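Listing of start.pdb, PDB, C-alpha atoms and all ligand atoms
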```pdb
ATOM      1  CA  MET P   1      12.200 -12.240 -95.026
ATOM      2  CA  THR P   2       9.490 -10.091 -96.625
ATOM      3  CA  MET P   3       7.081  -7.704 -94.890
ATOM      4  CA  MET P   4       4.301 -10.253 -95.253
ATOM      5  CA  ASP P   5       6.610 -12.912 -93.778
ATOM      6  CA  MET P   6       6.984 -10.651 -90.730
ATOM      7  CA  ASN P   7       3.212 -10.249 -90.323
ATOM      8  CA  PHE P   8       2.710 -14.026 -90.293
ATOM      9  CA  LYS P   9       5.616 -14.600 -87.893
ATOM     10  CA  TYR P  10       3.919 -12.189 -85.522
ATOM     11  CA  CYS P  11       0.613 -14.079 -85.831
ATOM     12  CA  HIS P  12       2.538 -17.264 -85.021
ATOM     13  CA  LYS P  13       4.045 -15.668 -81.898
ATOM     14  CA  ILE P  14       0.553 -14.804 -80.671
ATOM     15  CA  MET P  15      -0.657 -18.372 -81.180
ATOM     16  CA  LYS P  16       2.290 -20.145 -79.550
ATOM     17  CA  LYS P  17       2.126 -17.748 -76.597
ATOM     18  CA  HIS P  18      -1.568 -18.441 -76.031
ATOM     19  CA  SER P  19      -1.684 -22.209 -76.649
ATOM     20  CA  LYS P  20       1.233 -24.611 -76.756
ATOM     21  CA  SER P  21      -1.151 -27.454 -77.626
ATOM     22  CA  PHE P  22      -2.735 -25.846 -80.689
ATOM     23  CA  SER P  23       0.531 -24.400 -81.923
ATOM     24  CA  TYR P  24       2.197 -27.798 -81.522
ATOM     25  CA  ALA P  25      -0.431 -29.472 -83.716
ATOM     26  CA  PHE P  26      -1.173 -26.746 -86.285
ATOM     27  CA  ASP P  27       2.490 -25.914 -86.891
ATOM     28  CA  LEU P  28       2.663 -29.385 -88.477
ATOM     29  CA  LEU P  29       0.435 -28.289 -91.366
ATOM     30  CA  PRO P  30       2.011 -27.531 -94.766
ATOM     31  CA  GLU P  31       3.443 -24.010 -95.004
ATOM     32  CA  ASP P  32       0.578 -22.156 -96.711
ATOM     33  CA  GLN P  33      -2.125 -23.784 -94.586
ATOM     34  CA  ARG P  34      -0.396 -23.257 -91.241
ATOM     35  CA  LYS P  35       0.227 -19.584 -92.054
ATOM     36  CA  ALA P  36      -3.494 -19.125 -92.730
ATOM     37  CA  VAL P  37      -4.274 -20.755 -89.370
ATOM     38  CA  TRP P  38      -1.820 -18.428 -87.601
ATOM     39  CA  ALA P  39      -3.581 -15.388 -89.034
ATOM     40  CA  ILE P  40      -7.078 -16.613 -88.136
ATOM     41  CA  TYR P  41      -5.876 -17.584 -84.669
ATOM     42  CA  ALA P  42      -4.290 -14.188 -84.095
ATOM     43  CA  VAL P  43      -7.440 -12.357 -85.205
ATOM     44  CA  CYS P  44      -9.654 -14.398 -82.864
ATOM     45  CA  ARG P  45      -7.220 -13.899 -79.957
ATOM     46  CA  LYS P  46      -7.179 -10.116 -80.514
ATOM     47  CA  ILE P  47     -10.970 -10.164 -80.475
ATOM     48  CA  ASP P  48     -11.107 -12.105 -77.183
ATOM     49  CA  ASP P  49      -8.544  -9.757 -75.599
ATOM     50  CA  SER P  50     -10.016  -6.566 -77.064
ATOM     51  CA  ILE P  51     -12.177  -5.318 -74.208
ATOM     52  CA  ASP P  52      -9.342  -5.195 -71.683
ATOM     53  CA  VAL P  53      -7.131  -2.892 -73.790
ATOM     54  CA  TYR P  54      -8.917   0.272 -72.614
ATOM     55  CA  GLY P  55     -11.784  -1.329 -70.702
ATOM     56  CA  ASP P  56     -14.573  -0.826 -73.262
ATOM     57  CA  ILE P  57     -15.559  -1.712 -76.842
ATOM     58  CA  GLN P  58     -13.356   0.832 -78.688
ATOM     59  CA  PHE P  59     -10.702  -1.581 -79.907
ATOM     60  CA  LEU P  60     -13.262  -4.289 -80.698
ATOM     61  CA  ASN P  61     -15.224  -1.851 -82.876
ATOM     62  CA  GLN P  62     -11.981  -1.070 -84.723
ATOM     63  CA  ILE P  63     -11.236  -4.766 -85.222
ATOM     64  CA  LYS P  64     -14.742  -5.266 -86.585
ATOM     65  CA  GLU P  65     -14.403  -2.384 -89.037
ATOM     66  CA  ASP P  66     -11.075  -3.782 -90.245
ATOM     67  CA  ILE P  67     -12.633  -7.165 -90.934
ATOM     68  CA  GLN P  68     -15.531  -5.469 -92.751
ATOM     69  CA  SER P  69     -13.039  -3.567 -94.927
ATOM     70  CA  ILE P  70     -11.432  -6.834 -95.983
ATOM     71  CA  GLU P  71     -14.813  -8.425 -96.642
ATOM     72  CA  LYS P  72     -15.991  -5.501 -98.764
ATOM     73  CA  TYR P  73     -12.727  -4.696-100.577
ATOM     74  CA  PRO P  74     -10.439  -7.756-100.419
ATOM     75  CA  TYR P  75      -7.962  -6.337-102.964
ATOM     76  CA  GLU P  76      -7.770  -2.660-101.982
ATOM     77  CA  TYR P  77      -5.073  -1.212 -99.788
ATOM     78  CA  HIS P  78      -6.445  -0.481 -96.322
ATOM     79  CA  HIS P  79      -5.106   1.647 -93.493
ATOM     80  CA  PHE P  80      -6.195  -0.643 -90.683
ATOM     81  CA  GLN P  81      -7.502   0.786 -87.413
ATOM     82  CA  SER P  82      -6.508  -2.070 -85.119
ATOM     83  CA  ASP P  83      -3.529  -4.420 -85.406
ATOM     84  CA  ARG P  84      -2.041  -3.809 -88.872
ATOM     85  CA  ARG P  85       0.204  -6.877 -88.940
ATOM     86  CA  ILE P  86      -2.686  -9.214 -88.151
ATOM     87  CA  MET P  87      -5.124  -7.542 -90.541
ATOM     88  CA  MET P  88      -2.634  -7.534 -93.425
ATOM     89  CA  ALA P  89      -2.104 -11.256 -92.879
ATOM     90  CA  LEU P  90      -5.859 -11.847 -92.681
ATOM     91  CA  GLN P  91      -6.392  -9.935 -95.907
ATOM     92  CA  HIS P  92      -3.698 -12.050 -97.527
ATOM     93  CA  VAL P  93      -5.559 -15.197 -96.510
ATOM     94  CA  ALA P  94      -8.908 -13.781 -97.669
ATOM     95  CA  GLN P  95      -7.510 -13.245-101.151
ATOM     96  CA  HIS P  96      -6.767 -16.973-101.410
ATOM     97  CA  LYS P  97      -9.538 -18.594 -99.351
ATOM     98  CA  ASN P  98     -13.311 -18.233 -98.929
ATOM     99  CA  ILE P  99     -13.561 -16.833 -95.398
ATOM    100  CA  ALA P 100     -16.910 -17.055 -93.581
ATOM    101  CA  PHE P 101     -17.036 -13.442 -92.429
ATOM    102  CA  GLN P 102     -20.390 -13.832 -90.628
ATOM    103  CA  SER P 103     -18.632 -16.353 -88.406
ATOM    104  CA  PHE P 104     -16.213 -13.610 -87.311
ATOM    105  CA  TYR P 105     -19.187 -11.305 -86.692
ATOM    106  CA  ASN P 106     -20.864 -14.016 -84.584
ATOM    107  CA  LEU P 107     -17.712 -14.341 -82.485
ATOM    108  CA  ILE P 108     -17.528 -10.558 -82.087
ATOM    109  CA  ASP P 109     -21.195 -10.402 -81.038
ATOM    110  CA  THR P 110     -20.530 -13.080 -78.415
ATOM    111  CA  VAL P 111     -17.649 -11.021 -76.993
ATOM    112  CA  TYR P 112     -19.829  -7.852 -76.880
ATOM    113  CA  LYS P 113     -22.471  -9.886 -75.059
ATOM    114  CA  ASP P 114     -19.907 -11.133 -72.574
ATOM    115  CA  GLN P 115     -19.616  -7.610 -71.170
ATOM    116  CA  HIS P 116     -23.009  -8.168 -69.529
ATOM    117  CA  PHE P 117     -22.379 -11.794 -68.645
ATOM    118  CA  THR P 118     -25.104 -13.487 -66.672
ATOM    119  CA  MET P 119     -24.905 -17.178 -65.894
ATOM    120  CA  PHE P 120     -26.561 -19.589 -68.305
ATOM    121  CA  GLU P 121     -29.986 -20.802 -67.234
ATOM    122  CA  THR P 122     -29.783 -23.964 -69.310
ATOM    123  CA  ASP P 123     -27.248 -26.147 -71.076
ATOM    124  CA  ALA P 124     -28.745 -24.966 -74.390
ATOM    125  CA  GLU P 125     -27.521 -21.471 -73.528
ATOM    126  CA  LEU P 126     -24.100 -22.841 -72.556
ATOM    127  CA  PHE P 127     -23.870 -24.678 -75.871
ATOM    128  CA  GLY P 128     -24.910 -21.520 -77.709
ATOM    129  CA  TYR P 129     -22.031 -19.760 -76.003
ATOM    130  CA  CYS P 130     -19.672 -22.557 -77.082
ATOM    131  CA  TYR P 131     -20.791 -22.086 -80.674
ATOM    132  CA  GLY P 132     -20.264 -18.336 -80.380
ATOM    133  CA  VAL P 133     -16.674 -18.424 -79.123
ATOM    134  CA  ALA P 134     -15.425 -21.649 -80.689
ATOM    135  CA  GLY P 135     -17.836 -23.186 -83.191
ATOM    136  CA  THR P 136     -17.487 -19.926 -85.104
ATOM    137  CA  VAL P 137     -13.698 -20.401 -85.168
ATOM    138  CA  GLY P 138     -14.121 -23.906 -86.586
ATOM    139  CA  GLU P 139     -16.342 -22.473 -89.320
ATOM    140  CA  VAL P 140     -13.700 -19.890 -90.275
ATOM    141  CA  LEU P 141     -11.008 -22.596 -90.374
ATOM    142  CA  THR P 142     -13.065 -24.954 -92.536
ATOM    143  CA  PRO P 143     -11.836 -23.751 -95.975
ATOM    144  CA  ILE P 144      -8.254 -23.938 -94.707
ATOM    145  CA  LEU P 145      -8.577 -27.522 -93.445
ATOM    146  CA  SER P 146     -10.574 -29.039 -96.309
ATOM    147  CA  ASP P 147     -10.322 -29.151-100.098
ATOM    148  CA  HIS P 148     -14.053 -29.074-100.798
ATOM    149  CA  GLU P 149     -16.245 -27.604 -98.085
ATOM    150  CA  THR P 150     -19.726 -29.009 -97.713
ATOM    151  CA  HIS P 151     -22.312 -28.733 -94.967
ATOM    152  CA  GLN P 152     -20.776 -31.798 -93.290
ATOM    153  CA  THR P 153     -17.355 -30.174 -93.145
ATOM    154  CA  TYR P 154     -18.704 -27.119 -91.357
ATOM    155  CA  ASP P 155     -20.802 -29.333 -89.068
ATOM    156  CA  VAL P 156     -17.790 -31.400 -88.013
ATOM    157  CA  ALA P 157     -15.475 -28.380 -87.625
ATOM    158  CA  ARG P 158     -18.159 -26.614 -85.611
ATOM    159  CA  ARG P 159     -18.622 -29.639 -83.350
ATOM    160  CA  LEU P 160     -14.875 -29.947 -82.828
ATOM    161  CA  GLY P 161     -14.631 -26.285 -81.853
ATOM    162  CA  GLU P 162     -17.452 -26.592 -79.389
ATOM    163  CA  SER P 163     -15.921 -29.721 -77.839
ATOM    164  CA  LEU P 164     -12.572 -27.979 -77.364
ATOM    165  CA  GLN P 165     -14.347 -25.084 -75.638
ATOM    166  CA  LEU P 166     -16.137 -27.427 -73.266
ATOM    167  CA  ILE P 167     -12.752 -28.943 -72.375
ATOM    168  CA  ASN P 168     -11.354 -25.436 -71.793
ATOM    169  CA  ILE P 169     -14.258 -24.846 -69.434
ATOM    170  CA  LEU P 170     -13.632 -28.108 -67.575
ATOM    171  CA  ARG P 171      -9.942 -27.251 -67.210
ATOM    172  CA  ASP P 172     -10.473 -23.671 -66.071
ATOM    173  CA  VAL P 173     -13.308 -23.899 -63.528
ATOM    174  CA  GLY P 174     -11.155 -22.421 -60.747
ATOM    175  CA  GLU P 175      -9.538 -19.638 -62.780
ATOM    176  CA  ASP P 176     -12.892 -18.666 -64.323
ATOM    177  CA  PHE P 177     -14.516 -18.473 -60.895
ATOM    178  CA  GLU P 178     -11.764 -16.087 -59.746
ATOM    179  CA  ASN P 179     -12.670 -13.940 -62.748
ATOM    180  CA  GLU P 180     -16.325 -13.982 -61.702
ATOM    181  CA  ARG P 181     -17.333 -16.422 -64.427
ATOM    182  CA  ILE P 182     -19.167 -19.734 -64.079
ATOM    183  CA  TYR P 183     -20.038 -21.581 -67.296
ATOM    184  CA  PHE P 184     -21.910 -24.574 -65.911
ATOM    185  CA  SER P 185     -25.665 -23.944 -66.286
ATOM    186  CA  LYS P 186     -27.880 -22.979 -63.346
ATOM    187  CA  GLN P 187     -30.154 -25.905 -64.221
ATOM    188  CA  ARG P 188     -27.325 -28.428 -64.049
ATOM    189  CA  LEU P 189     -25.762 -26.862 -60.921
ATOM    190  CA  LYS P 190     -29.117 -27.113 -59.140
ATOM    191  CA  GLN P 191     -29.757 -30.659 -60.329
ATOM    192  CA  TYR P 192     -26.399 -31.777 -58.926
ATOM    193  CA  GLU P 193     -26.551 -29.632 -55.788
ATOM    194  CA  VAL P 194     -23.288 -27.851 -56.578
ATOM    195  CA  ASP P 195     -22.145 -24.371 -55.526
ATOM    196  CA  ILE P 196     -18.904 -23.375 -57.269
ATOM    197  CA  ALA P 197     -18.061 -20.764 -54.644
ATOM    198  CA  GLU P 198     -18.575 -23.444 -51.982
ATOM    199  CA  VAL P 199     -16.407 -25.935 -53.863
ATOM    200  CA  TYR P 200     -13.760 -23.260 -54.439
ATOM    201  CA  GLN P 201     -13.533 -22.666 -50.682
ATOM    202  CA  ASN P 202     -13.951 -26.188 -49.313
ATOM    203  CA  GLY P 203     -12.614 -28.393 -52.082
ATOM    204  CA  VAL P 204     -14.097 -31.015 -54.345
ATOM    205  CA  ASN P 205     -16.917 -33.349 -53.342
ATOM    206  CA  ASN P 206     -18.929 -36.156 -54.933
ATOM    207  CA  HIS P 207     -21.673 -33.881 -56.276
ATOM    208  CA  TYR P 208     -19.115 -31.661 -58.005
ATOM    209  CA  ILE P 209     -17.283 -34.614 -59.533
ATOM    210  CA  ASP P 210     -20.554 -35.987 -60.903
ATOM    211  CA  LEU P 211     -21.422 -32.598 -62.434
ATOM    212  CA  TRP P 212     -17.949 -32.270 -63.916
ATOM    213  CA  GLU P 213     -18.064 -35.799 -65.381
ATOM    214  CA  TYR P 214     -21.509 -35.107 -66.839
ATOM    215  CA  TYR P 215     -20.049 -32.361 -69.034
ATOM    216  CA  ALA P 216     -16.867 -34.354 -69.653
ATOM    217  CA  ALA P 217     -18.980 -37.187 -71.083
ATOM    218  CA  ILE P 218     -20.511 -34.699 -73.525
ATOM    219  CA  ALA P 219     -17.132 -33.417 -74.709
ATOM    220  CA  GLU P 220     -15.909 -37.012 -75.036
ATOM    221  CA  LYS P 221     -18.874 -38.131 -77.159
ATOM    222  CA  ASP P 222     -18.566 -35.093 -79.409
ATOM    223  CA  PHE P 223     -14.853 -35.839 -79.867
ATOM    224  CA  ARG P 224     -15.638 -39.432 -80.862
ATOM    225  CA  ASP P 225     -18.175 -38.187 -83.418
ATOM    226  CA  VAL P 226     -15.599 -35.791 -84.879
ATOM    227  CA  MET P 227     -13.111 -38.676 -85.086
ATOM    228  CA  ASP P 228     -15.641 -40.880 -86.906
ATOM    229  CA  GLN P 229     -16.060 -38.098 -89.485
ATOM    230  CA  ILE P 230     -12.386 -37.108 -89.801
ATOM    231  CA  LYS P 231     -12.403 -37.744 -93.565
ATOM    232  CA  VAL P 232     -14.282 -34.513 -94.297
ATOM    233  CA  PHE P 233     -10.868 -32.885 -93.886
ATOM    234  CA  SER P 234      -7.933 -32.767 -96.306
ATOM    235  CA  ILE P 235      -5.594 -35.726 -96.088
ATOM    236  CA  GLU P 236      -2.822 -33.488 -94.682
ATOM    237  CA  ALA P 237      -5.065 -31.943 -92.026
ATOM    238  CA  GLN P 238      -6.552 -35.213 -90.801
ATOM    239  CA  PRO P 239      -3.638 -36.312 -88.584
ATOM    240  CA  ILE P 240      -3.188 -32.730 -87.321
ATOM    241  CA  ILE P 241      -6.818 -32.382 -86.281
ATOM    242  CA  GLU P 242      -6.742 -35.840 -84.732
ATOM    243  CA  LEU P 243      -3.678 -34.740 -82.759
ATOM    244  CA  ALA P 244      -5.160 -31.428 -81.578
ATOM    245  CA  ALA P 245      -8.243 -33.326 -80.489
ATOM    246  CA  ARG P 246      -6.368 -36.097 -78.696
ATOM    247  CA  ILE P 247      -4.164 -33.623 -76.825
ATOM    248  CA  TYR P 248      -7.325 -31.901 -75.577
ATOM    249  CA  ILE P 249      -8.941 -35.182 -74.579
ATOM    250  CA  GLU P 250      -5.813 -35.795 -72.497
ATOM    251  CA  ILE P 251      -6.467 -32.557 -70.597
ATOM    252  CA  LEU P 252      -9.538 -34.244 -69.101
ATOM    253  CA  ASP P 253      -7.360 -37.011 -67.649
ATOM    254  CA  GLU P 254      -4.898 -34.440 -66.314
ATOM    255  CA  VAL P 255      -7.796 -32.817 -64.468
ATOM    256  CA  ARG P 256      -8.856 -36.169 -63.009
ATOM    257  CA  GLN P 257      -5.278 -36.948 -61.961
ATOM    258  CA  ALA P 258      -5.118 -33.575 -60.204
ATOM    259  CA  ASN P 259      -8.321 -34.460 -58.351
ATOM    260  CA  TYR P 260     -10.347 -31.790 -60.183
ATOM    261  CA  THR P 261      -8.447 -29.016 -58.410
ATOM    262  CA  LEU P 262      -9.900 -25.518 -58.689
ATOM    263  CA  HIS P 263      -6.558 -23.962 -57.729
ATOM    264  CA  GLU P 264      -4.200 -24.634 -60.615
ATOM    265  CA  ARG P 265      -4.347 -24.988 -64.374
ATOM    266  CA  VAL P 266      -3.405 -28.518 -65.413
ATOM    267  CA  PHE P 267      -1.633 -29.258 -68.703
ATOM    268  CA  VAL P 268      -0.268 -31.983 -70.979
ATOM    269  CA  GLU P 269       3.540 -32.209 -70.940
ATOM    270  CA  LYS P 270       5.181 -31.334 -74.254
ATOM    271  CA  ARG P 271       6.835 -34.768 -74.224
ATOM    272  CA  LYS P 272       3.404 -36.376 -73.792
ATOM    273  CA  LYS P 273       2.116 -34.487 -76.842
ATOM    274  CA  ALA P 274       4.970 -35.943 -78.916
ATOM    275  CA  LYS P 275       3.997 -39.420 -77.732
ATOM    276  CA  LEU P 276       0.378 -38.969 -78.855
ATOM    277  CA  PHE P 277       1.529 -37.781 -82.277
ATOM    278  CA  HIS P 278       3.779 -40.809 -82.619
ATOM    279  CA  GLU P 279       0.790 -43.010 -81.838
ATOM    280  CA  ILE P 280      -1.354 -41.118 -84.349
ATOM    281  CA  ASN P 281       1.206 -40.831 -87.157
ATOM    282  CA  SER P 282       1.851 -44.549 -87.122
ATOM    283  CA  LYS P 283      -1.744 -45.019 -88.229
ATOM    284  CA  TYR P 284      -1.246 -42.432 -90.989
TER     285      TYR P 284
HETATM  286  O1  LIG C 301     -10.411 -20.234 -76.005
HETATM  287  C1  LIG C 301     -10.655 -18.991 -75.870
HETATM  288  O2  LIG C 301     -10.381 -18.397 -74.761
HETATM  289  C2  LIG C 301     -11.274 -18.197 -77.018
HETATM  290  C3  LIG C 301     -12.396 -17.420 -76.778
HETATM  291  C4  LIG C 301     -12.971 -16.693 -77.812
HETATM  292  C5  LIG C 301     -12.428 -16.732 -79.088
HETATM  293  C6  LIG C 301     -11.305 -17.509 -79.331
HETATM  294  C7  LIG C 301     -10.730 -18.239 -78.299
HETATM  295  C8  LIG C 301      -9.463 -19.090 -78.631
HETATM  296  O3  LIG C 301      -8.399 -18.919 -77.999
HETATM  297  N1  LIG C 301      -9.542 -20.052 -79.683
HETATM  298  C9  LIG C 301      -8.391 -20.865 -80.078
HETATM  299  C10 LIG C 301      -8.158 -20.855 -81.561
HETATM  300  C11 LIG C 301      -8.007 -19.644 -82.225
HETATM  301 CL1  LIG C 301      -8.051 -18.206 -81.366
HETATM  302  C12 LIG C 301      -7.807 -19.613 -83.593
HETATM  303  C13 LIG C 301      -7.763 -20.791 -84.306
HETATM  304  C14 LIG C 301      -7.921 -22.004 -83.653
HETATM  305  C15 LIG C 301      -8.118 -22.035 -82.281
HETATM  306  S1  LIG C 301      -8.321 -23.609 -81.470
HETATM  307  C16 LIG C 301      -9.578 -24.425 -82.386
HETATM  308  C17 LIG C 301      -9.293 -25.465 -83.246
HETATM  309  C18 LIG C 301     -10.322 -26.063 -83.946
HETATM  310  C19 LIG C 301     -11.623 -25.609 -83.786
HETATM  311 CL2  LIG C 301     -12.900 -26.350 -84.654
HETATM  312  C20 LIG C 301     -11.901 -24.561 -82.927
HETATM  313  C21 LIG C 301     -10.869 -23.970 -82.230
HETATM  314 CL3  LIG C 301     -11.149 -22.668 -81.142
HETATM  315 MG    MG C 302     -11.929 -16.466 -73.550
HETATM  316 MG    MG C 303     -12.054 -20.058 -70.743
END
```
Show me the file's structure as structure tokens.
Amino acid sequence: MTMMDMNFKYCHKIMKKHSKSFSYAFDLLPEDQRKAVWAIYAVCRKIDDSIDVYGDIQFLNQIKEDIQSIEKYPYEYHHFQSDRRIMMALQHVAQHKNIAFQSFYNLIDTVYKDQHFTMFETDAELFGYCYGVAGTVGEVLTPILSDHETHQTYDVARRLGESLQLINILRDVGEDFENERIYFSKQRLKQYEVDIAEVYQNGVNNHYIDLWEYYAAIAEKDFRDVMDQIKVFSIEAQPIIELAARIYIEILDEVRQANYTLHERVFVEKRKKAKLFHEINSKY
């Protein structure tokens, strides 16, 4: 294996460690496309984890400067300040694909902002957050997952990303609360008469379930709209994206089956993923 092979294998390790679902689906892409996804995934993960390395924005600033170096001089040799393996792989991708760098900067700005997290007043603010951490990622992936990017391709990829984030939120209510984070909006919490701290201590109730299902209906409708527009993506990526999406839709049912528990993280069995892919592939 070459040095560059090693860099990509490391990016892959980071992705599989963080998400079995996404790795399962994306590893099914053709070699050059899946490697590009690994690199983008590893960069975004490093960004999300950056603050906790020392406890401030040092490492994140270094990541940002590395990405700016690649943007400005794609073909020059760089001595990277952050994670060399990841940045070398990213640069390799950037030489072959049109990366939306401002989308990385948007993600980084969202992470900076998260240092002074205050709850969202409205769902509009929640959805803006979903764009920031996940719609941005869809934008970056767009040139990898489509042959000819148009505004529709970015729109669909952005919507998919934001739907996946909403599902993450719906899965992780309990864990996020423990980490002093609540992502449901103050408007919606008040409208449904829900107090997460109260639910965390005393268990689910009908008001909570209604609030949860309100957001779940949103994620579900977005997912359906992505599915109706699946053809914006390359023929090879279409079944993979459908699979990633369908696995995440299944997380919602796992939550329901676990009675919306705030005290464990539910998941889709690896064997159940394989089943969904069989069902999808047949159609392809
Ligand atoms: O989920 C967090 O905790 C988080 C918080 C902030 C930043 C990143 C993440 C994060 O783990 N993102 C997962 C991810 C990365 Cl990282 C790389 C590539 C793909 C994906 S999954 C995907 C597939 C399709 C679309 Cl349209 C959008 C996405 Cl997100
Ligand atoms: Mg996160
Ligand atoms: Mg989360």
**Prompt:** Between P:64, P:78, P:34, P:181, which is the closest to ligand MG 302 (chain C) once you count only C-alpha atoms and all ligand atoms?
**Reply:** P:181
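For the structure in this document, the set picked by the PyMOL selection byres (((not hetatm)) within 9 of (chain C and resi 302)) is residues 45, 48, 49, 111 and 133 of chain P.
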Take the residues from that selection and put them in a file with C-alpha atoms, as a PDB file, in the frame of the given file.
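Wrote it out as part_4.pdb, contents follow:
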```
ATOM      1  CA  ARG P  45      -7.220 -13.899 -79.957  1.00  0.00           C
ATOM      2  CA  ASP P  48     -11.107 -12.105 -77.183  1.00  0.00           C
ATOM      3  CA  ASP P  49      -8.544  -9.757 -75.599  1.00  0.00           C
ATOM      4  CA  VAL P 111     -17.649 -11.021 -76.993  1.00  0.00           C
ATOM      5  CA  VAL P 133     -16.674 -18.424 -79.123  1.00  0.00           C
TER       6      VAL P 133
END
```
**Item:** Between atom CA of residue P:94 and atom CA of residue P:36, distance in Å (one decimal)
**Value:** 9.1 Å
Distance table requested - chain P against ligand MG 303 (chain C), cut-off 12 Å, all atoms listed in the file: one row per qualifying residue with the closest atom pair and its distance in Å to one decimal, ordered by chain and rising residue number, as a tab-separated table.
```
residue	atom	partner	partner_atom	distance
P:18	CA	C:MG303	MG	11.9
P:48	CA	C:MG303	MG	10.3
P:49	CA	C:MG303	MG	11.9
P:129	CA	C:MG303	MG	11.3
P:130	CA	C:MG303	MG	10.2
P:133	CA	C:MG303	MG	9.7
P:134	CA	C:MG303	MG	10.6
P:164	CA	C:MG303	MG	10.3
P:165	CA	C:MG303	MG	7.4
P:166	CA	C:MG303	MG	8.8
P:167	CA	C:MG303	MG	9.1
P:168	CA	C:MG303	MG	5.5
P:169	CA	C:MG303	MG	5.4
P:170	CA	C:MG303	MG	8.8
P:171	CA	C:MG303	MG	8.3
P:172	CA	C:MG303	MG	6.1
P:173	CA	C:MG303	MG	8.3
P:174	CA	C:MG303	MG	10.3
P:175	CA	C:MG303	MG	8.4
P:176	CA	C:MG303	MG	6.6
P:177	CA	C:MG303	MG	10.3
P:178	CA	C:MG303	MG	11.7
P:179	CA	C:MG303	MG	10.1
P:180	CA	C:MG303	MG	11.7
P:181	CA	C:MG303	MG	9.0
P:182	CA	C:MG303	MG	9.8
P:183	CA	C:MG303	MG	8.8
P:184	CA	C:MG303	MG	11.9
P:265	CA	C:MG303	MG	11.1
```
Write out, as JSON lines, each residue of chain P that has an atom at most 7 Å from ligand LIG 301 (chain C), together with the closest pair of atoms and their distance in Å to one decimal, counting only C-alpha atoms and all ligand atoms, rows going by chain and rising number.
```
{"residue": "P:22", "atom": "CA", "partner": "C:LIG301", "partner_atom": "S1", "distance": 6.1}
{"residue": "P:37", "atom": "CA", "partner": "C:LIG301", "partner_atom": "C13", "distance": 6.1}
{"residue": "P:40", "atom": "CA", "partner": "C:LIG301", "partner_atom": "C12", "distance": 5.5}
{"residue": "P:41", "atom": "CA", "partner": "C:LIG301", "partner_atom": "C12", "distance": 3.0}
{"residue": "P:42", "atom": "CA", "partner": "C:LIG301", "partner_atom": "CL1", "distance": 6.1}
{"residue": "P:44", "atom": "CA", "partner": "C:LIG301", "partner_atom": "CL1", "distance": 4.4}
{"residue": "P:45", "atom": "CA", "partner": "C:LIG301", "partner_atom": "CL1", "distance": 4.6}
{"residue": "P:47", "atom": "CA", "partner": "C:LIG301", "partner_atom": "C5", "distance": 6.9}
{"residue": "P:48", "atom": "CA", "partner": "C:LIG301", "partner_atom": "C4", "distance": 5.0}
{"residue": "P:107", "atom": "CA", "partner": "C:LIG301", "partner_atom": "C5", "distance": 6.7}
{"residue": "P:133", "atom": "CA", "partner": "C:LIG301", "partner_atom": "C4", "distance": 4.3}
{"residue": "P:134", "atom": "CA", "partner": "C:LIG301", "partner_atom": "CL3", "distance": 4.4}
{"residue": "P:135", "atom": "CA", "partner": "C:LIG301", "partner_atom": "CL2", "distance": 6.0}
{"residue": "P:137", "atom": "CA", "partner": "C:LIG301", "partner_atom": "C20", "distance": 5.1}
{"residue": "P:138", "atom": "CA", "partner": "C:LIG301", "partner_atom": "CL2", "distance": 3.3}
{"residue": "P:139", "atom": "CA", "partner": "C:LIG301", "partner_atom": "CL2", "distance": 7.0}
{"residue": "P:157", "atom": "CA", "partner": "C:LIG301", "partner_atom": "CL2", "distance": 4.4}
{"residue": "P:158", "atom": "CA", "partner": "C:LIG301", "partner_atom": "CL2", "distance": 5.4}
{"residue": "P:159", "atom": "CA", "partner": "C:LIG301", "partner_atom": "CL2", "distance": 6.7}
{"residue": "P:160", "atom": "CA", "partner": "C:LIG301", "partner_atom": "CL2", "distance": 4.5}
{"residue": "P:161", "atom": "CA", "partner": "C:LIG301", "partner_atom": "CL2", "distance": 3.3}
{"residue": "P:162", "atom": "CA", "partner": "C:LIG301", "partner_atom": "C20", "distance": 6.9}
{"residue": "P:164", "atom": "CA", "partner": "C:LIG301", "partner_atom": "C21", "distance": 6.5}
{"residue": "P:165", "atom": "CA", "partner": "C:LIG301", "partner_atom": "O1", "distance": 6.3}
{"residue": "P:168", "atom": "CA", "partner": "C:LIG301", "partner_atom": "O1", "distance": 6.8}
```
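Of note, atom CA of residue P:238 and atom CA of residue P:145 are spaced 8.4 Å apart.
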**Message:** Let me make sure I understand: among P:144, P:204, P:29, P:89, which one has the smallest atom-to-atom distance to residue P:260 if we use all atoms listed in the file?
**Reply:** P:204
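For the atom pair formed by atom CA of residue P:252 and atom CA of residue P:235, the distance is 27.3 Å, given to one decimal.
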